[PDB]
4 protein chains.
Amino acid sequence: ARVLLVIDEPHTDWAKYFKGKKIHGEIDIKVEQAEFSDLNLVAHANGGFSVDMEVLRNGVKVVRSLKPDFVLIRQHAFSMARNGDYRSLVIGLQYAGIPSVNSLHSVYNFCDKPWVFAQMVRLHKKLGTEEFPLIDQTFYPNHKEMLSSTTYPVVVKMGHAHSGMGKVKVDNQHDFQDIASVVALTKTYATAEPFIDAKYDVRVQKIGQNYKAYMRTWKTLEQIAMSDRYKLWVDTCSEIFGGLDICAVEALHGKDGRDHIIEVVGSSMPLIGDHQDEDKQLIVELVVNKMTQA
Amino acid sequence: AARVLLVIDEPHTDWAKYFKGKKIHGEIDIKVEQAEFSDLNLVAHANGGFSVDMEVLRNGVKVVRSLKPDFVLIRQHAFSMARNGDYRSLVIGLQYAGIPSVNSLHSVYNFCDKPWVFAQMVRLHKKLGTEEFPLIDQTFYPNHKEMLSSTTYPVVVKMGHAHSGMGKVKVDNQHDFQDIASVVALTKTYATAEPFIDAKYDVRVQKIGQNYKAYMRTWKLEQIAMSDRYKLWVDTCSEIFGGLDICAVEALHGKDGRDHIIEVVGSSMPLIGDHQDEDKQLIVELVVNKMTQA
Amino acid sequence: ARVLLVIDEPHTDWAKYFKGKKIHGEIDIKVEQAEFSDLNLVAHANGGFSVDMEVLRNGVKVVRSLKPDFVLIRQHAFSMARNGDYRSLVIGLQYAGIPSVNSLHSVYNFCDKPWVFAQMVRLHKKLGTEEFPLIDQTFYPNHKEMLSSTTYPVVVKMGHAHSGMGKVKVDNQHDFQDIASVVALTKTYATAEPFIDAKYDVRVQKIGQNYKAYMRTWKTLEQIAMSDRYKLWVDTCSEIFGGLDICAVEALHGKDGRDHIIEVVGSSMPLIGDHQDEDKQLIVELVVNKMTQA
Amino acid sequence: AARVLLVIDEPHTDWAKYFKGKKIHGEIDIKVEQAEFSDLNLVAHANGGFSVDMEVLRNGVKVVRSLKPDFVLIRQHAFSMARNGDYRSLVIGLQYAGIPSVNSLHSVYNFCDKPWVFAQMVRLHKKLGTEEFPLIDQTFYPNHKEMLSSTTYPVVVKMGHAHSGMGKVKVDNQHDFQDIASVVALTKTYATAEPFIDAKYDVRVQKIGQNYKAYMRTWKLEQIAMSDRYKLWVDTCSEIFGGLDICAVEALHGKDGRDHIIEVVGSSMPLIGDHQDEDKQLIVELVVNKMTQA
Ligand SMILES: Nc1ncnc2c1ncn2[C@@H]1O[C@H](COP(=O)(O)OP(=O)(O)OP(=O)(O)O)[C@@H](O)[C@H]1O
Ligand SMILES: Nc1ncnc2c1ncn2[C@@H]1O[C@H](COP(=O)(O)OP(=O)(O)OP(=O)(O)O)[C@@H](O)[C@H]1O
Ligand SMILES: Nc1ncnc2c1ncn2[C@@H]1O[C@H](COP(=O)(O)OP(=O)(O)OP(=O)(O)O)[C@@H](O)[C@H]1O
Ligand SMILES: Nc1ncnc2c1ncn2[C@@H]1O[C@H](COP(=O)(O)OP(=O)(O)OP(=O)(O)O)[C@@H](O)[C@H]1O
Ligand SMILES: [Ca+2]
Ligand SMILES: [Ca+2]
Ligand SMILES: [Ca+2]
Ligand SMILES: [Ca+2]
C-alpha cells in the first residue's frame with residue numbers, strides 16, 4: 001500500500017476522503033496526517049529516509065515514523081511570525097525525492113511573496129494590463145529604501161506572512177515614516193501598493209482542471225460564472241515555477257470599475273464558499289491521479 | 001602613569017578637549033580615548049587581563065588599537081532591536097573585565113528593555129502616589145497575542161526596544177489597533193500601549209551628579225525653574241538599579257492641566273538648551289570625581 | 001486564598017506539596033502550575049493584570065486566567081535554542097509587581113551566563129583563589145575576537161544554553177578555528193576555559209538556610225559533609241543581584257587536587273541525589289515564609 | 001545609448017577594463033558599474049520603474065549613485081547565515097525589476113540553501129548511477145534533534161549555509177557527534193553529515209559557457225586534461241534550475257581510487273590556476289553574448 005502524507009490541520013479528515021481510493025484499482029492508499037509543527041525527518045543521499053510524526057497515544061506524546069511515497073501540502077511552509085519556519089522540512093522532503101502537490105519546488109519558491117509577485121510582474125509585462133491587471137506595487141529590500149509614497153492611502157505588507165498578518169493601511173506621509181520604522185524592527189523586506197476602495201473582491205481558483213470564481217463582498221460569498229478573462233488570470237499564474245496543481249488568483253474590484261490583481265496563492269489556499277466538500281474531493285482525485293504516475 | 005578614560009560617543013563632541021588639564025588628585029593625568037559602539041570589540045579574562053579593541057582607519061586601511069580603559073563613560077544607547085544596534089555583549093564584556101563606569105554597567109544593562117525600566121517606575125508610582133509621581137497609564141504585552149483592545153483611544157503603541165521615534169505609532173481606533181498588533185507579530189517582540197496625550201508642552205527634568213535643570217518644549221525650547229515637584233521626580237528615578245549618575249525624566253503636560261511621566265533616560269540622554277557646554281563640563285567633573293575613587 | 005503560580009514542568013505535583021500549608025495558620029494557598037510555554041499575560045501600570053494559562057479540558061485546549069499573588073520559578077527563563085525565550089514574561093511579571101522566588105530581578109539578570117560569571121569574577125578578585133577558586137575563562141562578545149587559546153584542550157561554551165547544549169571540547173588550534181566559525185553562525189557570544197581533567201565534580205546548594213554538598217563521580221551521587229570552604233562558596237554567590245533564595249555552585253576537582261568553580265545556578269537548579277523530596281519540602285517552607293511577608 | 005552592466009564583485013578585478021572596447025552588435029557600447037553586495041540597495045516597482053542604489057564615498061561623505069542596470073553579473077555569494085551576509089532580498093528585488101543576469105537570478109535564489117542544491121544532485125545520481133556521477137554519501141537533518149548517530153566515522157558536519165570553511169567540522173566519534181549536535185542547536189538551522197574522505201587530491205571541473213577546464217589540487221594546483229567523465233559531471237550539473245552559465249563541480253579523490261562529488265558552485269566560483277586572466281575574458285564574452293539577446 002502506498003503511503004500518502006498530508007500536511008494539514010486536523011479539521012479535515014483526509015483519511016475519510018481518500019477512503020476506498022486505489023491506484024490502478026488495486027493498490028491501496030494509506031493516509032497519514034499531521035501539521036508541520038509535529039513533524040521532523042532524516043534523509044540520506046542513497047535514498048534512505050524517515051519522517052517522524054509526534055502524536056498522542058493514551059494521553060502521552062509519542063513519535064511514530066513513516067516513509068511517505070507522496071505528500072499533499074495544505075499548510076504554509078513559511079511565516080516570519082515566531083516559530084513559523086518549516087522551510088527545512090520542505091528541503092528535506094526534496095532531498096528524499098518525495099513527489100508532492102503542489103510540487104516541492106513550487107512550495108519552496110513560494111516562501112517569499114515578493115518573489116512570487118515578481119513572477120506576476122513578468123506576466124503583466126507580457127500580457128498587458130487589459131488582460132492581466134496587476135496592481136501597482138513597490139518592493140523595498142529593507143526599510144532604508146522606504147522613504148515615501150507618491151500617493152495615499154497605501155497598504156503596507158511586511159515580510160512574508162498570512163491571514164492578514166503584517167498588513168496595514170497608511171493614510172499620509174508622516175504615518176508612512178512611522179510604519180517604515182516598524183519595518184526596521186522586523187528587519188526584513190516590505191511592499192507598498194495603492195489602497196483600493198473596493199466594491200468587492202474576486203478569487204479565481206484552479207484545482208487540476210477545475211475552475212471556480214467567487215465574489216467576496218478594509219482588511220476583509222456568492223459564486224459567479226467563469227469567464228475567459230478569469231480563466232486567463234489563473235491559467236497563466238498556474239504555470240510559474242514549473243506548474244501549480246492547486247492555485248488561485250485574488251483581485252480587488254474598485255468602485256471605479258477597475259480590477260486589481262493583488263496575489264496568487266498556492267496549494268495551501270483555503271477552501272471557501274458552499275462547495276468546500278466538493279473541492280476536497282477534487283483535490284483527492286488530483287492527488288490520486290498524480291500518485292498513479294510512479 | 002596616566003589613567004585611561006574611554007568615552008563611548010559620536011565624534012561631534014571632543015571629550016579630550018573637555019577633559020584636557022583635568023587631573024586626579026591634582027597629580028595624575030587623564031588620557032581620553034573616544035569611539036562609537038560600532039567601532040568597538042573586546043576580550044576579557046577572568047584573571048583580570050583584557051583588551052578593548054578600537055577599529056580605526058590608518059593609511060586607508062582598517063587597523064585595530066588595543067586599549068585598557070581604567071574607566072568608561074557611556075553616552076550611546078547600548079541596545080536597539082533595529083539591525084546591528086545590539087551592543088549588549090560589549091556591556092557584558094566591560095563588566096566581565098571589571099571596568100568602572102558612568103552610568104554603572106549594571107544600570108546600563110538593565111536599561112536595555114524599556115518596559116523593565118518602566119516596571120521600576122510603576123513601583124515608584126505605587127509608593128509615592130499620583131500627585132507626587134504622575135506616571136502615565138501604560139499596558140505591557142509580552143507579545144502580540146494579548147493585544148486585543150484599548151479602553152480608550154487614541155493610543156500610542158511603542159514596539160520592543162528602540163530609539164528616536166522608531167517603532168512608535170499612534171492608533172486612533174479598535175480596528176487599527178488590531179492591524180498594528182498584526183505587525184507587532186512580525187517584530188516578534190513585546191510592545192506597550194499608552195493613552196495619547198494632547199499635550200500643551202512637554203518637560204524634561206535632568207540630573208547630572210548634583211546639578212538639576214528643567215526644560216520646556218512646546219504629534220511626535222525654554223529653560224524653566226526647578227521646583228520641589230520636579231526635583232522629586234528625577235531624584236526618585238535616579239535611585240533605580242543602584243543609582244544613575246546621569247538621568248532625566250520626560251513628562252507630557254496635558255491641556256487639562258495633568259502631567260504624565262512617560263520615560264526615564266540614562267547616561268545617553270542628549271544635552272539640550274543653551275547650557276549644553278556647561279552640561280559637558282559638569283559631566284567631566286562628575287567623571288573625574290568617580291575616577292578619583294579607585 | 002492567596003494564589004501561587006509555580007512555573008515548572010508537570011513531573012512535580014506542587015499542589016500536593018503545598019497541600020495544607022497556610023499563611024498565618026489561617027489563609028489558604030491555591031497552587032497554579034504550568035510551564036513558560038503555556039503562559040501569557042497582560043499588565044497595566046495601574047496595577048490591573050491577568051495571567052493566561054493554556055490547559056487541556058476534555059481533550060481540548062483552553063485558556064483560564066488567574067491573578068497570582070506570588071510566583072516560584074523553577075524553569076529557565078531564557079535559552080538561545082529555538083523558541084526558548086521567555087524573558088518578556090519575566091518582564092511582564094515584574095511590571096505587574098508580583099513577588100517571586102528567586103526574585104524576578106535576579107531571574108532577569110541570570111539570562112546571560114557571562115553576566116552572572118562577571119559577578120563571580122568580582123568575587124574572585126575580592127576573596128582570592130584559595131577561598132574562591134574561580135576557573136580561568138575568556139569571554140568573546142562575538143566570534144571576531146575568537147582567534148586562539150594559549151592552552152589546550154579547552155571547553156567552548158556558546159551563547160546562553162543549558163543541559164549540555166552549546167558546549168564542546170577543543171583539542172587544538174585548527175579545531176578552535178573551526179569552532180570559532182560555528183560561533184559566527186550562532187551570531188552570539190561565547191566563552192572558552194581550560195579543560196579540567198576531573199577526578200569528580202562537586203555541587204554546593206543553598207535553599208533558604210539549608211545547605212547540601214554532592215560529589216558527582218567528559219561532559220557528564222554521594223553526599224558529602226558541608227565544610228566552611230563549601231559554605232563560603234555558595235554564601236557569597238547567593239548574595240549577587242540582591243540575593244538568591246535558591247542557588248548552587250558547581251566546581252570541578254582536578255586529578256591534581258585543585259578545585260575549579262565553573263558556574264552558579266539559580267532557582268531553576270535541578271534537585272539531585274537521594275533527598276530530592278526533602279528539597280521540594282524545603283522549597284515549600286521558603287515560599288510559604290516569603291509569601292507571609294505580604 | 002550604452003547598455004549598462006552591473007557587476008557584483010569585490011574591487012580586485014577591474015571588470016571595466018576587461019569589458020573595455022566590447023560592443024553589442026558591434027555598435028552599442030557597454031558601461032560597467034561595479035560594487036559589492038554590501039554597498040547596494042534598491043527599489044523596484046511593478047510598473048517597470050526601479051533604481052539600484054550604489055553607496056560610494058565622495059569628499060569623505062557617504063553618498064548614493066542611482067543606476068538602472070540593463071544586465072547584471074553576479075560574482076559574490078548572495079547568502080550566508082553569518083551576521084550581515086544575507087542579500088537574498090536584493091536578489092528578489094533584481095528579479096522584481098526584471099533585470100537579466102548571469103547566472104540567472106532564479107538559479108542564484110535557489111542556490112541559497114546548499115542542501116536544496118544538493119537535492120538536485122541527489123536526483124542526478126539516482127538517474128545516472130555511481131559510475132558516471134559518484135555523489136558522496138550525505139545525510140540531511142532539518143534540525144539538531146535528528147542528529148543521533150553516524151554509521152561511520154569520521155564525518156564532516158556542515159552547518160546551515162555558509163562559505164570558505166565556515167561551519168564545517170570534522171567529527172571522529174559518536175560522543176563528539178553528540179556534542180556537535182548540541183551546538184547545531186545554537187545555530188537554529190539545518191546541517192548535513194558526510195563521510196570524511198582521506199583524499200589523495202581533489203579535482204574541480206569548471207564550465208564557463210562552452211569552455212571547460214579541470215584542475216587538480218593535491219584536512220580542509222595543476223591543470224589536467226578534460227575527460228568525457230569530467231565533462232559529464234559539469235554538463236549534468238550545469239542544467240539545474242533552468243541552466244547555469246557559470247558553474248563547477250568539486251570532487252574528492254580517495255586513496256582507494258574512488259571519487260566523491262561534494263559540491264556544485266555557481267557564478268560566484270573563484271577563478272583559479274594559470275588561466276585566470278583567460279577565464280575573465282571568457283566570462284566577458286559570455287556576458288556580452290547574453291546581453292546581445294535583448
Ligand atoms: N491594496 C489593497 N487595497 C485594499 N484592501 C486590500 C489591499 N490589499 C489587501 N487588502 C485587504 O486585506 C486583505 C488581506 O490582504 P492579503 O489578501 O494581501 O493578505 P493575506 O490574506 O494575509 O495573505 P495570504 O494569502 O498570505 O493569507 C485582503 O483580502 C483585502 O480585503
Ligand atoms: N503617550 C504619548 N502621547 C503623546 N505623545 C507621545 C506619547 N509618548 C510619546 N510621545 C511623543 O513621542 C516622543 C518620542 O517618544 P519617546 O520619548 O517615548 O521615545 P523615543 O524618543 O523614541 O525614545 P528614546 O528616548 O529612547 O530615544 C516624545 O518626546 C513625545 O513627543
Ligand atoms: N572546564 C571544564 N572541564 C571539564 N569538563 C567540563 C568543563 N566545563 C564543563 N564540563 C563538563 O560539562 C558539563 C556541562 O557543562 P556545564 O555544567 O558548564 O553546563 P550545563 O550543565 O549545560 O549548564 P546549565 O547549568 O545552564 O544547565 C559539566 O557538568 C562537566 O561535566
Ligand atoms: N567529506 C569531506 N572529506 C574531506 N574533506 C572535505 C569533505 N568535505 C569538504 N572537505 C574539505 O573542505 C573544503 C571546503 O569545504 P566545502 O567546499 O564543502 O565548503 P566551503 O569551501 O566552505 O564552501 P563554498 O564553496 O561555499 O565556499 C573542501 O575543499 C575539502 O578540502
Ligand atoms: Ca489573501
Ligand atoms: Ca525620549
Ligand atoms: Ca551545570
Ligand atoms: Ca568549495
# chains A, B, ... in the order shown; residues from 1 in each chain; ligands from 1
>>> interface_residues(of="chain A", to="chain D", cutoff="6 Å", atoms="only C-alpha atoms", output="tab-separated table (two decimals) with C-alpha atoms, in the first residue's frame")
chain	number	residue	atom	x	y	z
A	42	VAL	CA	16.09	12.50	8.21
A	43	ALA	CA	17.12	11.92	4.61
A	44	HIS	CA	20.13	10.22	3.04
A	45	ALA	CA	21.53	10.73	-0.43
A	88	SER	CA	13.97	22.96	6.21
A	89	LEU	CA	11.30	20.23	6.18
A	91	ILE	CA	14.14	20.97	1.76
A	95	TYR	CA	16.28	15.74	-0.55
A	115	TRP	CA	9.48	36.51	-5.28
A	118	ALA	CA	8.00	39.15	-9.35
A	121	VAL	CA	5.22	41.32	-12.77
A	136	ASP	CA	0.91	48.72	-8.86
A	137	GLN	CA	3.28	47.71	-6.07
A	138	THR	CA	6.68	48.79	-4.82
A	139	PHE	CA	9.26	46.43	-3.26
A	140	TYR	CA	11.73	47.53	-0.58
A	141	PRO	CA	14.58	45.08	0.27
>>> interface_residues(of="chain D", to="chain B", cutoff="12 Å", atoms="only C-alpha atoms", output="PyMOL selection string")
chain D and resi 60+83-84+86
>>> write_last_selection(atoms="C-alpha atoms", output="tab-separated table (two decimals), in the first residue's frame")
chain	number	residue	atom	x	y	z
D	60	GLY	CA	34.74	61.83	2.66
D	83	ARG	CA	25.87	38.16	10.56
D	84	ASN	CA	25.05	40.52	7.68
D	86	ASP	CA	22.05	37.98	3.80
>>> residues_around(residues="residue C:252", least_positions_apart="6", cutoff="9 Å", atoms="only C-alpha atoms", output="number ranges by chain")
C: 196-203, 258-262
>>> write_last_selection(atoms="N, CA, C and O atoms", output="PDB file, in the first residue's frame")
ATOM      1  N   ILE C 196      39.244  20.773  32.377  1.00  0.00           N
ATOM      2  CA  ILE C 196      39.741  20.188  33.622  1.00  0.00           C
ATOM      3  C   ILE C 196      39.650  18.661  33.573  1.00  0.00           C
ATOM      4  O   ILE C 196      38.575  18.110  33.340  1.00  0.00           O
ATOM      5  N   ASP C 197      40.772  17.974  33.778  1.00  0.00           N
ATOM      6  CA  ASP C 197      40.747  16.512  33.796  1.00  0.00           C
ATOM      7  C   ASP C 197      40.292  16.236  35.224  1.00  0.00           C
ATOM      8  O   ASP C 197      41.102  16.142  36.148  1.00  0.00           O
ATOM      9  N   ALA C 198      38.980  16.117  35.383  1.00  0.00           N
ATOM     10  CA  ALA C 198      38.365  15.946  36.691  1.00  0.00           C
ATOM     11  C   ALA C 198      38.216  14.550  37.255  1.00  0.00           C
ATOM     12  O   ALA C 198      37.734  13.632  36.590  1.00  0.00           O
ATOM     13  N   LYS C 199      38.638  14.420  38.506  1.00  0.00           N
ATOM     14  CA  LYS C 199      38.528  13.172  39.241  1.00  0.00           C
ATOM     15  C   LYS C 199      37.020  13.066  39.500  1.00  0.00           C
ATOM     16  O   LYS C 199      36.423  11.999  39.375  1.00  0.00           O
ATOM     17  N   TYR C 200      36.415  14.199  39.850  1.00  0.00           N
ATOM     18  CA  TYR C 200      34.980  14.283  40.134  1.00  0.00           C
ATOM     19  C   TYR C 200      34.573  15.754  40.187  1.00  0.00           C
ATOM     20  O   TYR C 200      35.428  16.634  40.124  1.00  0.00           O
ATOM     21  N   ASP C 201      33.279  16.035  40.288  1.00  0.00           N
ATOM     22  CA  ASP C 201      32.879  17.423  40.429  1.00  0.00           C
ATOM     23  C   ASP C 201      31.984  17.533  41.652  1.00  0.00           C
ATOM     24  O   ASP C 201      31.461  16.531  42.146  1.00  0.00           O
ATOM     25  N   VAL C 202      31.825  18.751  42.151  1.00  0.00           N
ATOM     26  CA  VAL C 202      31.040  18.981  43.351  1.00  0.00           C
ATOM     27  C   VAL C 202      30.039  20.105  43.190  1.00  0.00           C
ATOM     28  O   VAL C 202      30.335  21.122  42.558  1.00  0.00           O
ATOM     29  N   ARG C 203      28.852  19.927  43.759  1.00  0.00           N
ATOM     30  CA  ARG C 203      27.855  20.980  43.702  1.00  0.00           C
ATOM     31  C   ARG C 203      27.403  21.309  45.114  1.00  0.00           C
ATOM     32  O   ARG C 203      26.971  20.427  45.859  1.00  0.00           O
ATOM     33  N   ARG C 258      43.276  20.284  42.578  1.00  0.00           N
ATOM     34  CA  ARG C 258      42.740  21.644  42.603  1.00  0.00           C
ATOM     35  C   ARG C 258      41.252  21.681  42.285  1.00  0.00           C
ATOM     36  O   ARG C 258      40.748  20.858  41.519  1.00  0.00           O
ATOM     37  N   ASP C 259      40.557  22.642  42.885  1.00  0.00           N
ATOM     38  CA  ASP C 259      39.133  22.825  42.637  1.00  0.00           C
ATOM     39  C   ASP C 259      39.013  23.984  41.657  1.00  0.00           C
ATOM     40  O   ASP C 259      39.846  24.892  41.662  1.00  0.00           O
ATOM     41  N   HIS C 260      37.981  23.943  40.821  1.00  0.00           N
ATOM     42  CA  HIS C 260      37.743  24.983  39.823  1.00  0.00           C
ATOM     43  C   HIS C 260      36.250  25.275  39.739  1.00  0.00           C
ATOM     44  O   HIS C 260      35.495  24.488  39.171  1.00  0.00           O
ATOM     45  N   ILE C 261      35.823  26.396  40.304  1.00  0.00           N
ATOM     46  CA  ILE C 261      34.415  26.775  40.248  1.00  0.00           C
ATOM     47  C   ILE C 261      34.104  27.156  38.798  1.00  0.00           C
ATOM     48  O   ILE C 261      34.785  28.006  38.220  1.00  0.00           O
ATOM     49  N   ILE C 262      33.089  26.534  38.199  1.00  0.00           N
ATOM     50  CA  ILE C 262      32.758  26.845  36.811  1.00  0.00           C
ATOM     51  C   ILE C 262      31.389  27.469  36.569  1.00  0.00           C
ATOM     52  O   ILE C 262      31.123  27.939  35.464  1.00  0.00           O
TER      53      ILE C 262
END
>>> atom_distance(atom1="atom CA of residue A:224", atom2="atom CA of residue A:243")
25.3 Å
>>> residues_near_ligand(ligand="ligand 3", cutoff="8 Å", atoms="only C-alpha atoms and all ligand atoms", output="MDAnalysis selection string")
chainID C and resid 113 135 154:155 157 160:167 193:198 201 218:220 250 252 262:265 269
>>> write_last_selection(atoms="C-alpha atoms", output="short mmCIF file (atom, residue, chain, number, x, y, z; two decimals), in the first residue's frame")
data_model
loop_
_atom_site.label_atom_id
_atom_site.label_comp_id
_atom_site.auth_asym_id
_atom_site.auth_seq_id
_atom_site.Cartn_x
_atom_site.Cartn_y
_atom_site.Cartn_z
CA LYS C 113 25.63 33.34 31.78
CA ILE C 135 38.20 28.75 36.81
CA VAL C 154 39.64 23.93 26.29
CA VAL C 155 35.88 23.81 26.63
CA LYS C 157 30.54 27.33 25.71
CA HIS C 160 23.30 31.01 26.73
CA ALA C 161 22.02 27.44 26.96
CA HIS C 162 21.50 24.56 29.40
CA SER C 163 21.75 20.80 29.90
CA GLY C 164 25.00 20.43 27.96
CA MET C 165 23.73 22.42 24.97
CA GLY C 166 26.25 24.52 23.04
CA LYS C 167 29.27 23.03 24.80
CA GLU C 193 38.06 27.85 29.61
CA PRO C 194 40.79 25.27 30.34
CA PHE C 195 39.53 21.70 30.12
CA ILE C 196 39.74 20.19 33.62
CA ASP C 197 40.75 16.51 33.80
CA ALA C 198 38.37 15.95 36.69
CA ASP C 201 32.88 17.42 40.43
CA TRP C 218 33.90 14.43 29.70
CA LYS C 219 30.54 16.14 29.56
CA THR C 220 28.93 14.28 32.50
CA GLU C 250 29.42 23.88 40.60
CA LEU C 252 35.39 20.51 39.19
CA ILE C 262 32.76 26.84 36.81
CA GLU C 263 29.18 28.04 37.38
CA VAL C 264 26.49 29.31 39.75
CA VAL C 265 22.87 28.32 39.08
CA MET C 269 18.61 24.43 39.72
#
>>> residues_near_ligand(ligand="ligand 2", cutoff="6 Å", atoms="only C-alpha atoms and all ligand atoms", output="number ranges by chain")
B: 156, 163-166, 194-197, 219-220
>>> write_last_selection(atoms="N, CA and C atoms", output="short mmCIF file (atom, residue, chain, number, x, y, z; two decimals), in the first residue's frame")
data_model
loop_
_atom_site.label_atom_id
_atom_site.label_comp_id
_atom_site.auth_asym_id
_atom_site.auth_seq_id
_atom_site.Cartn_x
_atom_site.Cartn_y
_atom_site.Cartn_z
N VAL B 156 -0.84 55.38 21.90
CA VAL B 156 0.47 55.36 21.29
C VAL B 156 1.07 53.99 21.62
N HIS B 163 14.97 53.49 19.66
CA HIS B 163 15.08 54.92 19.96
C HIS B 163 14.74 55.88 18.82
N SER B 164 14.72 57.17 19.16
CA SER B 164 14.44 58.25 18.20
C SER B 164 13.13 58.11 17.42
N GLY B 165 12.07 57.68 18.10
CA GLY B 165 10.79 57.54 17.44
C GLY B 165 10.54 56.22 16.74
N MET B 166 11.59 55.41 16.56
CA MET B 166 11.43 54.13 15.88
C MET B 166 10.47 53.18 16.59
N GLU B 194 -0.16 53.14 25.51
CA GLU B 194 -0.47 54.16 26.49
C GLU B 194 -1.35 55.21 25.84
N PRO B 195 -2.14 55.95 26.65
CA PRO B 195 -3.04 57.00 26.17
C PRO B 195 -2.31 58.10 25.41
N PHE B 196 -2.85 58.49 24.26
CA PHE B 196 -2.22 59.58 23.52
C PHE B 196 -2.54 60.83 24.31
N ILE B 197 -1.53 61.64 24.60
CA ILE B 197 -1.73 62.86 25.35
C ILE B 197 -1.76 64.07 24.42
N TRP B 219 2.69 64.75 15.86
CA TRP B 219 2.44 64.52 17.28
C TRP B 219 3.71 64.15 18.05
N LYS B 220 4.70 63.60 17.34
CA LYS B 220 5.97 63.22 17.97
C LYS B 220 6.84 64.42 18.30
#
>>> interface_residues(of="chain C", to="chain A", cutoff="10 Å", atoms="only C-alpha atoms", output="MDAnalysis selection string")
chainID C and resid 59 82:83
>>> write_last_selection(atoms="N, CA, C and O atoms", output="compact mmCIF listing (two decimals), in the first residue's frame")
# COMPACT_ATOMS: atom_id res chain seq x y z
N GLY C 59 -9.86 16.99 26.45
CA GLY C 59 -9.21 16.87 25.16
C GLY C 59 -9.15 18.13 24.31
O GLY C 59 -8.77 18.05 23.14
N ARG C 82 15.98 27.41 19.76
CA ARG C 82 14.72 27.92 19.20
C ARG C 82 13.55 27.88 20.16
O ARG C 82 13.35 26.90 20.88
N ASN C 83 12.78 28.97 20.16
CA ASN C 83 11.57 29.03 20.97
C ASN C 83 11.80 28.96 22.48
O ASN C 83 10.87 28.67 23.24
>>> residues_near_ligand(ligand="ligand 4", cutoff="10 Å", atoms="only C-alpha atoms and all ligand atoms", output="PyMOL selection string")
chain D and resi 77+79-80+114+136-138+154-159+161-170+193-199+201-204+217-220+248-254+260-266+268-270
>>> select_by_dssp(residues="stretch 87-174 of chain B", states="strand (DSSP E)", output="number ranges by chain")
B: 101-102, 139-141, 155-159, 168-171
>>> write_last_selection(atoms="N, CA, C and O atoms", output="CSV table (one decimal), in the first residue's frame")
chain,number,residue,atom,x,y,z
B,101,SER,N,32.3,52.4,35.5
B,101,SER,CA,31.6,53.2,34.5
B,101,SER,C,30.5,54.2,35.0
B,101,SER,O,30.0,54.2,36.1
B,102,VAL,N,30.2,55.2,34.1
B,102,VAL,CA,29.2,56.2,34.3
B,102,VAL,C,28.3,56.2,33.0
B,102,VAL,O,28.9,56.5,31.9
B,139,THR,N,0.2,49.9,29.3
B,139,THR,CA,-0.1,48.5,29.3
B,139,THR,C,1.0,47.7,28.7
B,139,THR,O,1.5,48.1,27.6
B,140,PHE,N,1.5,46.6,29.3
B,140,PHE,CA,2.6,45.8,28.7
B,140,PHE,C,2.0,44.5,28.2
B,140,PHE,O,1.3,43.8,28.8
B,141,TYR,N,2.4,44.2,26.9
B,141,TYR,CA,2.0,43.0,26.2
B,141,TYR,C,3.3,42.2,25.9
B,141,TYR,O,4.2,42.7,25.2
B,155,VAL,N,-4.3,55.9,21.1
B,155,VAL,CA,-3.2,55.4,22.0
B,155,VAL,C,-1.9,55.4,21.2
B,155,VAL,O,-1.9,55.4,19.9
B,156,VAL,N,-0.8,55.4,21.9
B,156,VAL,CA,0.5,55.4,21.3
B,156,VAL,C,1.1,54.0,21.6
B,156,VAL,O,1.2,53.6,22.8
B,157,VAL,N,1.4,53.2,20.6
B,157,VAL,CA,1.9,51.9,20.8
B,157,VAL,C,3.5,52.0,20.5
B,157,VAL,O,3.9,52.7,19.6
B,158,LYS,N,4.2,51.5,21.4
B,158,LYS,CA,5.7,51.5,21.4
B,158,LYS,C,6.1,50.1,21.3
B,158,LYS,O,6.0,49.3,22.3
B,159,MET,N,6.7,49.7,20.2
B,159,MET,CA,7.2,48.3,20.0
B,159,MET,C,8.6,48.0,20.4
B,159,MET,O,9.6,48.8,20.0
B,168,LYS,N,7.2,53.5,17.1
B,168,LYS,CA,6.2,54.1,17.8
B,168,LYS,C,5.1,54.7,16.9
B,168,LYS,O,5.4,55.5,16.0
B,169,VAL,N,3.9,54.2,17.1
B,169,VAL,CA,2.8,54.6,16.2
B,169,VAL,C,1.5,55.1,17.1
B,169,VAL,O,1.3,54.6,18.2
B,170,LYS,N,0.8,56.0,16.5
B,170,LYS,CA,-0.4,56.5,17.1
B,170,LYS,C,-1.6,55.7,16.5
B,170,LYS,O,-1.7,55.6,15.2
B,171,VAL,N,-2.4,55.1,17.3
B,171,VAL,CA,-3.6,54.4,16.8
B,171,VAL,C,-4.8,55.1,17.3
B,171,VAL,O,-5.0,55.5,18.4
>>> residues_around(residues="residue C:293", least_positions_apart="2", cutoff="10 Å", atoms="only C-alpha atoms", output="ChimeraX atom specification")
/C:23,99,288-291
>>> write_last_selection(atoms="N, CA, C and O atoms", output="tab-separated table (two decimals), in the first residue's frame")
chain	number	residue	atom	x	y	z
C	23	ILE	N	-0.98	30.58	55.39
C	23	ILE	CA	-0.26	31.79	55.73
C	23	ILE	C	-0.91	32.31	57.01
C	23	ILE	O	-2.09	32.64	57.03
C	99	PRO	N	5.64	39.40	43.53
C	99	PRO	CA	6.79	38.88	44.30
C	99	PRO	C	7.18	37.49	43.80
C	99	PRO	O	6.32	36.73	43.33
C	288	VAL	N	6.45	29.61	51.37
C	288	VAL	CA	5.45	29.95	52.38
C	288	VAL	C	5.95	31.12	53.25
C	288	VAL	O	5.21	32.07	53.49
C	289	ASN	N	7.19	31.04	53.72
C	289	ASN	CA	7.75	32.11	54.53
C	289	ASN	C	7.78	33.42	53.73
C	289	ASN	O	7.37	34.47	54.23
C	290	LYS	N	8.25	33.35	52.49
C	290	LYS	CA	8.31	34.54	51.65
C	290	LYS	C	6.92	35.12	51.39
C	290	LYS	O	6.74	36.35	51.41
C	291	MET	N	5.93	34.26	51.15
C	291	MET	CA	4.57	34.74	50.91
C	291	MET	C	3.98	35.42	52.14
C	291	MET	O	3.20	36.37	52.02
>>> select_by_dssp(residues="stretch 205-281 of chain B", states="alpha helix (DSSP H)", output="list in words")
residues 228, 229, 230, 231, 232, 233, 234, 235, 236, 237, 276, 277, 278, 279, 280 and 281 of chain B
>>> residues_around(residues="residue C:6", least_positions_apart="2", cutoff="7 Å", atoms="only C-alpha atoms", output="JSON, numbers by chain")
{"C": [4, 8, 32, 33, 34, 71, 72, 73]}
>>> write_last_selection(atoms="C-alpha atoms", output="CSV table (one decimal), in the first residue's frame")
chain,number,residue,atom,x,y,z
C,4,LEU,CA,0.7,30.9,44.0
C,8,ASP,CA,7.7,24.2,36.3
C,32,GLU,CA,-1.5,27.0,40.0
C,33,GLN,CA,1.1,25.3,37.9
C,34,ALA,CA,2.3,25.4,34.2
C,71,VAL,CA,5.5,33.1,41.8
C,72,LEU,CA,8.0,30.3,42.2
C,73,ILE,CA,10.2,29.9,39.1
